[PDB]
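Single-structure report; data block below.
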Amino acid sequence: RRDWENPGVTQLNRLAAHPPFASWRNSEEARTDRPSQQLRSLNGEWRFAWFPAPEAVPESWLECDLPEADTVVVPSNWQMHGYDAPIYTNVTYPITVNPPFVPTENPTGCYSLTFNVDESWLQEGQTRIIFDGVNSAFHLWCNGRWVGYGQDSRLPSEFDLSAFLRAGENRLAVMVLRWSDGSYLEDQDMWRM
Amino acid sequence: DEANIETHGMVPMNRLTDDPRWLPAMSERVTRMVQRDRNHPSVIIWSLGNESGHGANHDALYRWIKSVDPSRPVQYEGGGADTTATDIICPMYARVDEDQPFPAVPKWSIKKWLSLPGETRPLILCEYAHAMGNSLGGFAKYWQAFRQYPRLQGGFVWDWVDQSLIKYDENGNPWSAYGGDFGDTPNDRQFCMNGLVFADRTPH
Amino acid sequence: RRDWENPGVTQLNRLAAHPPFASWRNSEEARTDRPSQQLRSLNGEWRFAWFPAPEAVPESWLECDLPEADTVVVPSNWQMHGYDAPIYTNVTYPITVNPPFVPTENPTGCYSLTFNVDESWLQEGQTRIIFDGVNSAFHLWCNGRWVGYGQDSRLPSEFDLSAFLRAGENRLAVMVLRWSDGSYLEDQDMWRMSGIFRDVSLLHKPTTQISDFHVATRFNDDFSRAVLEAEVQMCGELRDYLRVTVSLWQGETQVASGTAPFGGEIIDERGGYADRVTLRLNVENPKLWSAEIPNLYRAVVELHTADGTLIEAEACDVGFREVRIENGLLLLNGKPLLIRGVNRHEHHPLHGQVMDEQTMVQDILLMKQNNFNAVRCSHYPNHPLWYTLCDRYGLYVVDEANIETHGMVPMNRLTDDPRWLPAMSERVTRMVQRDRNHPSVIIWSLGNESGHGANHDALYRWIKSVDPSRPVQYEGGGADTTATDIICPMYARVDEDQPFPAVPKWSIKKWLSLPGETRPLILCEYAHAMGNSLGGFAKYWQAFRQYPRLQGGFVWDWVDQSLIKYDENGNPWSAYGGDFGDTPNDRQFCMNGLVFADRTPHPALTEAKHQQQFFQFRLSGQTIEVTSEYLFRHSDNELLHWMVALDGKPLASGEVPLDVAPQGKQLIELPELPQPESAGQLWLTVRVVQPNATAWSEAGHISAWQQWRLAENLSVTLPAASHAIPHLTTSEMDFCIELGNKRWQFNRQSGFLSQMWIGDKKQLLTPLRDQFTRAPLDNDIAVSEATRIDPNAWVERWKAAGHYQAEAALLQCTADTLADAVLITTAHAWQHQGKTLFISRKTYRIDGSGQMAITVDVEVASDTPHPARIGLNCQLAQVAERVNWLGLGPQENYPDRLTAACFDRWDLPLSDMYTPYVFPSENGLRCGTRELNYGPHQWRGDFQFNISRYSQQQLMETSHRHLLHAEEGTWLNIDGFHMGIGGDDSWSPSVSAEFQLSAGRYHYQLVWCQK
Ligand SMILES: CC(C)S[C@@H]1O[C@H](CO)[C@H](O)[C@H](O)[C@H]1O
Ligand SMILES: CC(C)S[C@@H]1O[C@H](CO)[C@H](O)[C@H](O)[C@H]1O
Ligand SMILES: [Mg+2]
Ligand SMILES: [Mg+2]
Ligand SMILES: [Mg+2]
Ligand SMILES: [Mg+2]
Ligand SMILES: [Mg+2]
Ligand SMILES: [Mg+2]
Ligand SMILES: [Mg+2]
Ligand SMILES: [Mg+2]
Ligand code: NA
Ligand code: NA
Ligand code: NA
Ligand code: NA
Ligand code: NA
Ligand code: NA
């Protein structure tokens, strides 16, 4: 559906926004702002592959790692890893002004991660994923199944993965678009990454 | 705390912000920020975004926040720095004594701005003293005015740190790069370095 | 994708909203508002198939017609074709509340149409399809290719089909979902139906086109000068040779015209709109628009080239008027309005929610004829033609966004939620974009019964910012929130407060003066006209006229939402909630109108007409002072007719021309009042008559009336020497009286007049007995229910007290002979669970003249609920053609709803004495009657009465009027006193104290004699 060229679609299946949570299961920990066993970081080494347009991404990637991919640290801006150039423009948009469309050549970063989930997390309750910043829009898949979509590169996008994970290893697939209708609202005088 | 909404390159600047079809998208940028950050005491003022002109979408959103969170003023500089979508006169680069009477969106001397007919709001520059390179000349003139005039309550210098990026030479030595150094074009060259400090935090 | 369960997706590929377009290619056709060849109707016969859920729709349908489909007319509501049941639910959602999901079993209407498209429409320009109304959401395909999706059942959804059509035959496929996330914002109190219920059209526009236009009119201080400002926007390639001309016409006279190339003034640091232009036209001494005189001009907007070639033209009717709130008063053209309004849903008894011009005109005419000057679009934007009619006939309109979430708990659950902001914003913004050029719209409303949430505040400011020309109102959350410029409560009473927590409904007089309050107050709904209702209506009007800031209200509501059903024999009858097997439902709550579904008036309508009159009168001596409540016009189509009568007999009358300026006064001296020959009360009646026909009335229309008693000369003339003396015969069981050919029989064990004969003919089917109850009105029932009794309702109070079960117990039954008459004396008690409820003491005196004087003195225990009536009743053996009385009439009237009735001698056929309210109840009373004639009988006194073929017992046992059967004879209820009917609301006790029978002891007397 080209959700990234439609300002009427800024997200799909995204959870409501709310103040920082950690779901402590010990009140003392909450008092002192100690790390919470219920809030896990997925930061570190992920798999990534760069494509010139979303149309160039292979279906295979939904189910298995692309052997071509590289291993890189997340969080990161892919420009800083050399995959494409960062652009420094002040006022003038970096893409042609023709809202809400974007260029056909739209750099797409395919990120993926294989990670473990303990059954305890799945026997009871809700397991959600939190992406604190994704620039500029993206689709998310979990174990090959599509989960949702998000825009606004500067606020967290959260999705309920409860029904998508299984105990043990799991695989996330995140397709990140460089430009989207959200870019029309992101013309700050700064490097475009 | 400011909404991630900036449509500077549009012509005119409020093309999208005056368009109801863009109300939803804008609305999520403002509402999701308030829902996320409203319990932090350090946040004292909400901003509707930056350089996106003044459109009806701004008015709607300014009201939304006033309704949901009366505890903090709302400001917005677009459209002249003193529109109906701002509780604070918050110009960018208005001078101390010299007027710059641009049509539609003049930048009055800050001392004069406070007293235009019917005006009563406080004035805090959202951006002033553009610290690009060897700059900050006339800084003391702002400070003297801030101290003399009750309603001149200060401002936010533009800006903290140079947005220079590191590149490596043929010899592998690093060097500070700016607009156009990545093959990027068009680009705005050195305009990305306006800070009081170098990208590594050494002070200018 | 399931876009119908995602409030974040309210449409896909839908074009921007804009004012009504026709793409004329000739300016004169645009000026005259003639049919445009570029705007085609696709209404007529379509193909349709009903499915239980979208999942059952076969894919073949996208490409070809399903053979099982039927051919039906569009627009239509598929329920009105019998595919599924329409449901009548008031507050409770018709689907489980689980936002944003809808049931899986979701009735889906598959509509399709095979139609031709001319190559000329495709060779150049843009061809779009416009659906003015689709309930509640839909997907569109064209020639098997998907086009887009849309929600909001009350505004048009348009899609560009240029790239999907081919010259010749084409096929459209529309899959309409009964339920969608949109339904959560469509919980209005009305039948829940579905379908393509408003027009379907194809519009051809040039590639370079007018894409929007806004017209504003500002004035100098005394309205003697105006500036017409028309902002025009374009779509397409900008070219220096393009031009816009806006011309203004007053009939055939060109008043003004201006032309300019595109390119607006500088807006900000980035410039201005190169694709827009504003034309400014000066108008001297404009003819102003109001509901009083709806003067209109025509604005024509031409997009053309420099050389003069026209590209296209758009146009609208313009009314020069200013609406502002100042100093706490709503002003129109600088004068404070008095809104004589009504809420009007779009409803037809045969077509459901589909509207037609004929019906709209009929409504407007009846409205105007009944002295209404305003209408609230409860509770969604109306069919487009409605606005055009209001502009031209002259009605002030409140345009209201299609947002109602009454069923949520609490009411603002969705409106205070940011996630619902987008969906709500579209309902408001798209309405304003469509209707902002209509002069008849004077106030915008944010919707209805959706609590008060931050989304309202956001949208209130949006509107204030885009269109400063009209106030914004909204009742939710307590009627006086930060989202409304007008205090606009629903069912707040005149003097009585109802202090509900959080959202109290203060007396309207008190509300105005609460600490810090300064706004005007106009009720968005009041005087709920459900069944026999409108009691206390004059109390509102008296307050409106006395308090400047009380600026009127919108009665609830115009027309009963009954639907037609056919019985076994194919005969039609009026159905309400539950009548389609819909459950749960809200039964008769869908019928609250001043008129029946077919436009015939209910009696209440006349009370509204009289209290909403535009002339007030006072009497002093032979001086009648007429005051005009018009703000703008002189009384140039009015004469005053006066007539003086003695107890119904005309003595004199005359006519005087009315010449009163707006807000002025006129004194008329009546000529010397020749005495009169006879005892009796003289009565003066005046009527305002319009000699000339108008766009909304025929010559001779009566627009106002008033009465006064003049002198009275009490009869001091002692009767005469009775020709004879009646004889009394006593027996163990009875007291019989004989006089000439007449006989009266009193049963000694019951203590009532059980029979009366004229010659050998019995006149009674049931004895004459006291009656203290009435077949409960809708207002008496209120929300009480069988499966859930409301103990506070009047009907339940009376039931519980034993009023409908109490049986008469004899205390005394004696007979005495006097010199020229026989006197029967009786006493009875009515008791229940050993308590004495009522005691009735009577005397019957039968004299040589054959007149039977009945005296009745009743005691009502102070602790029993005040009774519905204190009267007598009986079933007469005969049936007669007419009913003739000297009392108030001619129509039905009750104590708290009798201002419109006039004291005179009325004569109607018996059936007119029965009011066919769909849900039967006590009805047809006439009060203030001094003489009643039926067949050979005459009753004299000062009483209220009803007479019909239906016993109260029947009326109370019967749910629908079509199931009533004439009983033998005629049931006559003659009351000394009758309780008010109430109506401030119909879900709580609403009869004012002053109309309750709480005096404890009552006396009344009547004379029954033969004619
Ligand atoms: C250069 C002006 C027209 S825009 C000016 O440019 C600056 C460059 O650092 C900053 O981005 C300012 O916020 C902006 O107002
Ligand atoms: C019955 C009340 C609690 S709600 C009451 O119901 C009416 C029934 O006609 C109307 O719909 C009013 O708008 C609504 O307030
Ligand atoms: Mg999008
Ligand atoms: Mg632990
Ligand atoms: Mg496994
Ligand atoms: Mg900028
Ligand atoms: Mg350059
Ligand atoms: Mg939806
Ligand atoms: Mg309701
Ligand atoms: Mg029910
Ligand atoms: Na100061
Ligand atoms: Na800069
Ligand atoms: Na008034
Ligand atoms: Na109703
Ligand atoms: Na006249
Ligand atoms: Na009944």
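Each chain in the structure tokens gets a letter, A, B and so on, in the order shown; residues start at 1 in every chain, and ligands are counted from 1 in the order they appear.
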
Dump as a PDB file with N, CA and C atoms, in the first residue's frame the residues of chain C that approach chain A to within 9 Å, counting only C-alpha atoms.
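Okay, this is what ended up in part11.pdb:
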ATOM      1  N   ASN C   6     -10.213   0.580  12.070  1.00  0.00           N
ATOM      2  CA  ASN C   6      -9.009   1.337  12.316  1.00  0.00           C
ATOM      3  C   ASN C   6      -9.375   2.791  12.139  1.00  0.00           C
ATOM      4  N   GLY C   8      -7.560   5.113  12.371  1.00  0.00           N
ATOM      5  CA  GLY C   8      -6.455   5.857  11.810  1.00  0.00           C
ATOM      6  C   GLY C   8      -6.654   5.860  10.304  1.00  0.00           C
ATOM      7  N   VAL C   9      -7.581   5.070   9.799  1.00  0.00           N
ATOM      8  CA  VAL C   9      -7.774   5.084   8.351  1.00  0.00           C
ATOM      9  C   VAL C   9      -9.201   5.450   8.107  1.00  0.00           C
ATOM     10  N   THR C  10      -9.458   6.704   7.738  1.00  0.00           N
ATOM     11  CA  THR C  10     -10.837   7.085   7.530  1.00  0.00           C
ATOM     12  C   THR C  10     -11.169   7.197   6.047  1.00  0.00           C
ATOM     13  N   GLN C  11     -10.151   6.978   5.219  1.00  0.00           N
ATOM     14  CA  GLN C  11     -10.336   7.045   3.786  1.00  0.00           C
ATOM     15  C   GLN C  11      -9.008   6.637   3.160  1.00  0.00           C
ATOM     16  N   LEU C  12      -9.067   6.347   1.860  1.00  0.00           N
ATOM     17  CA  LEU C  12      -7.907   6.070   1.043  1.00  0.00           C
ATOM     18  C   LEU C  12      -8.231   6.639  -0.319  1.00  0.00           C
ATOM     19  N   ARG C 419      -6.024   9.595  20.074  1.00  0.00           N
ATOM     20  CA  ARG C 419      -6.094   8.687  18.966  1.00  0.00           C
ATOM     21  C   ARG C 419      -7.353   8.861  18.110  1.00  0.00           C
ATOM     22  N   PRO C 422      -7.932  12.541  14.859  1.00  0.00           N
ATOM     23  CA  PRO C 422      -7.937  12.579  13.415  1.00  0.00           C
ATOM     24  C   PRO C 422      -9.309  12.319  12.856  1.00  0.00           C
TER      25      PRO C 422
END

Counting only C-alpha atoms, which residues of chain A come no farther than 9 Å from chain B, as a PyMOL selection string? chain A and resi 7-10+16-20+85-94+97+152-156+182-191

Would you mind exporting the chosen residues as an mmCIF file, in the first residue's frame, restricted to C-alpha atoms?
data_model
loop_
_atom_site.group_PDB
_atom_site.id
_atom_site.type_symbol
_atom_site.label_atom_id
_atom_site.label_comp_id
_atom_site.auth_asym_id
_atom_site.auth_seq_id
_atom_site.Cartn_x
_atom_site.Cartn_y
_atom_site.Cartn_z
ATOM 1 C CA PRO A 7 0.024 11.338 5.423
ATOM 2 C CA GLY A 8 -3.295 9.674 6.428
ATOM 3 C CA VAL A 9 -1.316 6.644 7.507
ATOM 4 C CA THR A 10 1.267 7.459 10.099
ATOM 5 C CA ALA A 16 -0.626 4.232 22.644
ATOM 6 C CA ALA A 17 2.088 6.603 23.835
ATOM 7 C CA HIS A 18 2.791 6.965 27.612
ATOM 8 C CA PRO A 19 5.460 8.014 30.029
ATOM 9 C CA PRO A 20 8.590 5.928 30.486
ATOM 10 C CA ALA A 85 25.828 9.777 2.056
ATOM 11 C CA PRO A 86 24.481 12.011 4.739
ATOM 12 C CA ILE A 87 23.178 15.274 3.138
ATOM 13 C CA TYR A 88 23.498 18.718 4.632
ATOM 14 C CA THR A 89 20.730 21.074 3.413
ATOM 15 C CA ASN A 90 19.281 23.897 5.478
ATOM 16 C CA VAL A 91 15.941 25.113 4.073
ATOM 17 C CA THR A 92 15.489 23.423 0.754
ATOM 18 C CA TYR A 93 14.093 19.982 1.020
ATOM 19 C CA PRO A 94 16.489 17.098 0.178
ATOM 20 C CA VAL A 97 8.762 19.002 -3.206
ATOM 21 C CA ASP A 152 7.830 10.289 13.364
ATOM 22 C CA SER A 153 11.523 9.679 13.596
ATOM 23 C CA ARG A 154 11.773 11.296 17.067
ATOM 24 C CA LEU A 155 9.319 9.474 19.307
ATOM 25 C CA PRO A 156 9.081 5.858 20.357
ATOM 26 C CA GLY A 182 6.844 12.078 7.381
ATOM 27 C CA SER A 183 9.961 13.718 5.801
ATOM 28 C CA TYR A 184 7.726 16.592 4.743
ATOM 29 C CA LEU A 185 7.446 17.367 8.475
ATOM 30 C CA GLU A 186 11.176 16.815 9.153
ATOM 31 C CA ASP A 187 12.917 19.706 7.348
ATOM 32 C CA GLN A 188 15.117 20.826 10.228
ATOM 33 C CA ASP A 189 18.438 22.556 9.382
ATOM 34 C CA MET A 190 20.693 19.562 10.098
ATOM 35 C CA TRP A 191 22.318 16.572 8.409
#

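The space separating CA of residue 594 (chain C) from CA of residue 526 (chain C) comes to 12.3 Å.
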
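The coordinates place CA of residue 219 (chain C) at 19.6 Å from CA of residue 391 (chain C).
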
All residues within 10 Å of ligand 8 are required, counting only C-alpha atoms and all ligand atoms; please report them as a count of residues only. 25

With a cut-off of 9 Å and counting only C-alpha atoms, select all residues of chain B in contact with chain C and give the selection as an mmCIF file with N, CA, C and O atoms, in the first residue's frame.
data_model
loop_
_atom_site.group_PDB
_atom_site.id
_atom_site.type_symbol
_atom_site.label_atom_id
_atom_site.label_comp_id
_atom_site.auth_asym_id
_atom_site.auth_seq_id
_atom_site.Cartn_x
_atom_site.Cartn_y
_atom_site.Cartn_z
ATOM 1 N N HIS B 8 10.053 23.997 6.771
ATOM 2 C CA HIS B 8 10.702 25.235 6.281
ATOM 3 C C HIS B 8 10.739 25.428 4.757
ATOM 4 O O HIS B 8 10.485 26.560 4.278
ATOM 5 N N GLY B 9 11.020 24.337 4.035
ATOM 6 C CA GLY B 9 11.155 24.457 2.590
ATOM 7 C C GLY B 9 9.844 24.608 1.842
ATOM 8 O O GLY B 9 9.870 24.796 0.630
ATOM 9 N N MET B 10 8.682 24.500 2.477
ATOM 10 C CA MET B 10 7.420 24.648 1.721
ATOM 11 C C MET B 10 7.296 26.091 1.216
ATOM 12 O O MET B 10 7.988 26.991 1.798
ATOM 13 N N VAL B 11 6.431 26.290 0.188
ATOM 14 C CA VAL B 11 6.191 27.662 -0.277
ATOM 15 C C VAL B 11 4.689 27.858 -0.342
ATOM 16 O O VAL B 11 4.074 27.203 -1.223
ATOM 17 N N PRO B 12 4.067 28.767 0.455
ATOM 18 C CA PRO B 12 4.643 29.539 1.546
ATOM 19 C C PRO B 12 4.907 28.526 2.650
ATOM 20 O O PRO B 12 4.589 27.328 2.573
ATOM 21 N N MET B 13 5.534 28.985 3.714
ATOM 22 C CA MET B 13 5.931 28.067 4.793
ATOM 23 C C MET B 13 4.792 27.317 5.447
ATOM 24 O O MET B 13 5.005 26.180 5.864
ATOM 25 N N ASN B 14 3.573 27.893 5.542
ATOM 26 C CA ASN B 14 2.490 27.187 6.189
ATOM 27 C C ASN B 14 1.676 26.365 5.237
ATOM 28 O O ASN B 14 0.544 25.979 5.570
ATOM 29 N N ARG B 15 2.187 26.047 4.044
ATOM 30 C CA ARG B 15 1.385 25.252 3.092
ATOM 31 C C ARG B 15 0.723 23.981 3.633
ATOM 32 O O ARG B 15 -0.431 23.633 3.342
ATOM 33 N N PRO B 20 -5.930 21.059 6.407
ATOM 34 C CA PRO B 20 -6.481 20.107 7.368
ATOM 35 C C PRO B 20 -6.045 18.679 7.114
ATOM 36 O O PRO B 20 -6.045 17.828 8.010
ATOM 37 N N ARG B 21 -5.692 18.363 5.883
ATOM 38 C CA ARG B 21 -5.350 17.007 5.593
ATOM 39 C C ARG B 21 -4.077 16.566 6.270
ATOM 40 O O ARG B 21 -3.766 15.360 6.358
ATOM 41 N N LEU B 23 -3.485 17.769 9.388
ATOM 42 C CA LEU B 23 -3.780 17.912 10.806
ATOM 43 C C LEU B 23 -3.474 16.625 11.615
ATOM 44 O O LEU B 23 -2.819 16.639 12.683
ATOM 45 N N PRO B 24 -3.912 15.468 11.085
ATOM 46 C CA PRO B 24 -3.677 14.202 11.780
ATOM 47 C C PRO B 24 -2.221 13.915 12.006
ATOM 48 O O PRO B 24 -1.786 13.639 13.117
ATOM 49 N N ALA B 25 -1.454 13.996 10.922
ATOM 50 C CA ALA B 25 -0.063 13.745 11.070
ATOM 51 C C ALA B 25 0.575 14.715 12.058
ATOM 52 O O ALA B 25 1.441 14.361 12.873
ATOM 53 N N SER B 27 -0.939 16.317 14.393
ATOM 54 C CA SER B 27 -1.465 16.056 15.693
ATOM 55 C C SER B 27 -0.680 14.948 16.439
ATOM 56 O O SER B 27 -0.377 15.084 17.648
ATOM 57 N N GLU B 28 -0.314 13.857 15.774
ATOM 58 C CA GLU B 28 0.443 12.802 16.484
ATOM 59 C C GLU B 28 1.799 13.251 16.991
ATOM 60 O O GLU B 28 2.269 12.735 17.994
ATOM 61 N N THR B 31 0.759 15.390 20.212
ATOM 62 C CA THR B 31 0.156 14.654 21.294
ATOM 63 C C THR B 31 1.015 13.568 21.882
ATOM 64 O O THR B 31 1.015 13.365 23.090
ATOM 65 N N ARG B 32 1.724 12.841 21.017
ATOM 66 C CA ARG B 32 2.567 11.742 21.511
ATOM 67 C C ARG B 32 3.784 12.239 22.295
ATOM 68 O O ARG B 32 4.296 11.513 23.129
ATOM 69 N N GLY B 53 5.627 28.078 9.361
ATOM 70 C CA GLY B 53 4.688 29.183 9.180
ATOM 71 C C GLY B 53 3.680 29.170 10.330
ATOM 72 O O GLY B 53 3.935 28.642 11.427
ATOM 73 N N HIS B 54 2.515 29.767 10.042
ATOM 74 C CA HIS B 54 1.437 29.728 11.032
ATOM 75 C C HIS B 54 0.194 29.256 10.290
ATOM 76 O O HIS B 54 -0.287 29.921 9.401
ATOM 77 N N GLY B 55 -0.300 28.091 10.661
ATOM 78 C CA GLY B 55 -1.496 27.524 10.012
ATOM 79 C C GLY B 55 -2.545 27.156 11.078
ATOM 80 O O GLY B 55 -2.262 27.059 12.287
ATOM 81 N N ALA B 56 -3.776 26.960 10.630
ATOM 82 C CA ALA B 56 -4.820 26.611 11.545
ATOM 83 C C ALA B 56 -4.496 25.354 12.338
ATOM 84 O O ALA B 56 -4.992 25.203 13.472
ATOM 85 N N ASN B 57 -3.740 24.441 11.758
ATOM 86 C CA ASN B 57 -3.371 23.218 12.500
ATOM 87 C C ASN B 57 -2.670 23.572 13.823
ATOM 88 O O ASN B 57 -2.846 22.895 14.847
ATOM 89 N N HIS B 58 -1.874 24.660 13.763
ATOM 90 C CA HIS B 58 -1.132 25.133 14.954
ATOM 91 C C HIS B 58 -2.077 25.599 16.015
ATOM 92 O O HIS B 58 -1.881 25.391 17.180
ATOM 93 N N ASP B 59 -3.080 26.354 15.570
ATOM 94 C CA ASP B 59 -4.055 26.859 16.526
ATOM 95 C C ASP B 59 -4.759 25.707 17.253
ATOM 96 O O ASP B 59 -4.875 25.757 18.528
ATOM 97 N N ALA B 60 -5.175 24.703 16.431
ATOM 98 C CA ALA B 60 -5.899 23.563 17.020
ATOM 99 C C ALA B 60 -5.022 22.881 18.072
ATOM 100 O O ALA B 60 -5.455 22.460 19.159
ATOM 101 N N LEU B 61 -3.750 22.704 17.696
ATOM 102 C CA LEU B 61 -2.847 21.965 18.567
ATOM 103 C C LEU B 61 -2.421 22.734 19.802
ATOM 104 O O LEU B 61 -2.192 22.138 20.890
ATOM 105 N N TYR B 62 -2.276 24.046 19.599
ATOM 106 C CA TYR B 62 -1.928 24.899 20.728
ATOM 107 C C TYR B 62 -3.093 24.663 21.743
ATOM 108 O O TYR B 62 -2.894 24.461 22.957
ATOM 109 N N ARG B 63 -4.351 24.707 21.274
ATOM 110 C CA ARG B 63 -5.482 24.568 22.210
ATOM 111 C C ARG B 63 -5.536 23.222 22.885
ATOM 112 O O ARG B 63 -5.886 23.086 24.067
ATOM 113 N N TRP B 64 -5.207 22.215 22.086
ATOM 114 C CA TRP B 64 -5.189 20.852 22.623
ATOM 115 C C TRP B 64 -4.290 20.773 23.847
ATOM 116 O O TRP B 64 -4.620 20.261 24.919
ATOM 117 N N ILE B 65 -3.064 21.255 23.677
ATOM 118 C CA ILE B 65 -2.158 21.203 24.815
ATOM 119 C C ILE B 65 -2.659 22.042 25.961
ATOM 120 O O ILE B 65 -2.612 21.635 27.095
ATOM 121 N N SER B 67 -5.507 22.567 26.879
ATOM 122 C CA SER B 67 -6.560 21.807 27.496
ATOM 123 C C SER B 67 -6.051 20.626 28.315
ATOM 124 O O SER B 67 -6.494 20.399 29.450
ATOM 125 N N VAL B 68 -5.159 19.821 27.747
ATOM 126 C CA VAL B 68 -4.664 18.639 28.438
ATOM 127 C C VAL B 68 -3.673 18.899 29.538
ATOM 128 O O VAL B 68 -3.586 18.060 30.446
ATOM 129 N N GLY B 78 6.579 30.338 14.550
ATOM 130 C CA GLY B 78 6.144 30.457 13.186
ATOM 131 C C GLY B 78 5.158 31.559 12.929
ATOM 132 O O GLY B 78 4.312 31.846 13.739
ATOM 133 N N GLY B 79 5.218 32.147 11.719
ATOM 134 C CA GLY B 79 4.258 33.154 11.336
ATOM 135 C C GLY B 79 4.419 34.475 11.990
ATOM 136 O O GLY B 79 3.426 35.219 12.039
ATOM 137 N N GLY B 80 5.631 34.793 12.489
ATOM 138 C CA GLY B 80 5.735 36.124 13.055
ATOM 139 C C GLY B 80 6.048 36.221 14.505
ATOM 140 O O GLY B 80 6.103 37.359 14.957
ATOM 141 N N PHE B 102 10.422 43.186 7.849
ATOM 142 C CA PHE B 102 9.991 42.356 6.743
ATOM 143 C C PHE B 102 8.467 42.342 6.615
ATOM 144 O O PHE B 102 7.720 42.292 7.572
ATOM 145 N N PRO B 103 7.957 42.334 5.391
ATOM 146 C CA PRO B 103 6.514 42.251 5.237
ATOM 147 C C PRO B 103 5.969 40.942 5.835
ATOM 148 O O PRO B 103 6.564 39.862 5.761
ATOM 149 N N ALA B 104 4.781 41.073 6.398
ATOM 150 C CA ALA B 104 4.006 39.994 7.001
ATOM 151 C C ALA B 104 4.585 39.451 8.290
ATOM 152 O O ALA B 104 3.826 39.136 9.199
ATOM 153 N N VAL B 105 5.909 39.292 8.333
ATOM 154 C CA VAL B 105 6.578 38.673 9.455
ATOM 155 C C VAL B 105 7.756 39.512 9.918
ATOM 156 O O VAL B 105 8.887 39.039 10.038
#

Within 7 Å of ligand 15, which residues show up when you count only C-alpha atoms and all ligand atoms? List them as an NGL selection string, please. :C and (635-639 or 657-659)

Skipping near chain neighbours, those fewer than 6 positions away, what residues fall within 9 Å of region 145-162 of chain B using only C-alpha atoms, listed as a PyMOL selection string? chain B and resi 90+96+110-111+114+120-132+192-201

What residues in region 521-660 of chain C get the DSSP label strand (DSSP E or B)? Please answer as an MDAnalysis selection string. chainID C and resid 521:526 550:555 559 563:566 572:575 595 601 615:620 623:628 639:646 649:657

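Restricting the atom set to only C-alpha atoms and all ligand atoms, one finds that the residues within 7 Å of ligand 16 amount to residues 775, 776, 919, 920, 921, 955, 956, 957, 958 and 959 of chain C.
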
Could you name the residues that touch residue 56 (chain A) at 10 Å or less, counting only C-alpha atoms, but leaving out those on the same chain fewer than 5 positions away, as a PyMOL selection string? chain A and resi 50-51+105+107-108

Could you save those same residues with N, CA and C atoms as a short mmCIF file (atom, residue, chain, number, x, y, z; two decimals), in the first residue's frame?
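Dumped to part_38.cif:
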data_model
loop_
_atom_site.label_atom_id
_atom_site.label_comp_id
_atom_site.auth_asym_id
_atom_site.auth_seq_id
_atom_site.Cartn_x
_atom_site.Cartn_y
_atom_site.Cartn_z
N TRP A 50 21.59 -2.83 2.80
CA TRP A 50 21.17 -1.61 2.15
C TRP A 50 20.60 -1.89 0.77
N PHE A 51 19.51 -1.24 0.39
CA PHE A 51 18.93 -1.41 -0.92
C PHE A 51 18.57 -0.03 -1.36
N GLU A 105 13.73 6.24 -6.03
CA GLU A 105 14.99 5.72 -5.47
C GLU A 105 15.02 6.06 -3.98
N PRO A 107 16.45 5.02 -0.45
CA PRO A 107 17.38 4.18 0.32
C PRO A 107 16.63 3.54 1.47
N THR A 108 16.75 2.20 1.51
CA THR A 108 16.07 1.27 2.40
C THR A 108 17.04 0.41 3.17
#

Applying 6 Å and only C-alpha atoms, which residues near residue 5 (chain A) remain after dropping the ones on its own chain fewer than 4 positions away? List them as a ChimeraX atom specification. /A:100-101,180-181

Please identify every polymer residue within 12 Å of ligand 13, using only C-alpha atoms and all ligand atoms, and present the set as JSON, numbers by chain. {"C": [328, 329, 330, 331, 335, 336, 337, 338, 339, 340, 508, 509, 512, 520, 521, 522, 523, 540, 541, 542, 543, 544, 545, 546, 547, 548, 549, 550, 551, 552, 553, 629]}

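Proximity to residue 341 (chain C) at 8 Å, evaluated using only C-alpha atoms and with sequence-adjacent residues fewer than 6 positions away removed, yields residues 372, 373, 374, 375, 376, 552, 553, 554 and 555 of chain C.
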